[PDB]
């Protein structure tokens, strides 16, 4: 089941990461060795996702990242041409696009073997200064005259539902909310669909309302950090707008199981079973084995 290209790009927009290493080295002529590529680090439970991407691209290496995480790292230079070809045809739409554009400029440098010359390294430092978290303190000290062009902010729209499926497979969450009460059955079942993302992509998060015709944005905070949360709680919207989208565009990873259990609860709610004692017991049993409970 080779992963769909757009589903792969949506997943890369969520958990992808481009890397450009500029390491001190005595065994190098210009006194610096480099390493370029793209990586994905997931929990061990979704190692199959990495194995599928590796098999779909016929590129990349897989290794453990601790006792609870796996990573797909592709740094073989000629193998980076598969990455560029994919993202040229199926482009990223988050701020990570700016990181991919720098990753390409770095590829063009190393393809010419300029990274072996001094000016090539000065150019790669130029590019790395705007990539991800920027230059290290050691590099800043080694390149005090470094001057990089301004990095313009990204703003792209959701291309199709395949991308949304891939992005939701990484950032999404399907939740069965058991609103306790001193009522008849004592519990009100409420399905919830959440997508979380940093505020730096507020435009993309805000567009979800019009793209899916439902939901609302909630601003969250934690320490000095903050992020947005696209949420859907109206059952009719969940049953008619959210569920049909991810059934026609299949999710990947373990979250597909949580989505399938999520849909079974929707079927019982649609049939008014959530208002009966036995039906409520089934909703609970389903919730026990979802998400962290699986």
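Numbering follows the first chain given and starts at 1.
Remark: stretch with higher mean C-alpha B factor among 134 to 142 and 166 to 174 is 134 to 142. In this crystal structure, the stretch out of 22 to 30 and 254 to 262 whose C-alpha atoms carry the higher mean B factor is 22 to 30. Across 191, 92, 125, 209, the greatest Cα temperature factor reported in the deposited entry is at 125. The entry lists C-alpha B-factors for 115, 198, 222, 73, and the highest of these is at 115. For residue 104, the recorded CA temperature factor ranks within the middle third of the chain's modelled residues. Among the modelled residues of its chain, residue 96 has a C-alpha B-factor that falls in the lowest third according to the deposited record.
Compared with the other modelled residues of the chain, the Cα B-factor recorded for residue 280 ranks in the highest third. Sort the chain's modelled residues by C-alpha temperature factor and residue 233 lands in the lowest third, per the entry.
When the CA B factors of the chain's modelled residues are split into thirds, the value for residue 110 lands in the highest one.
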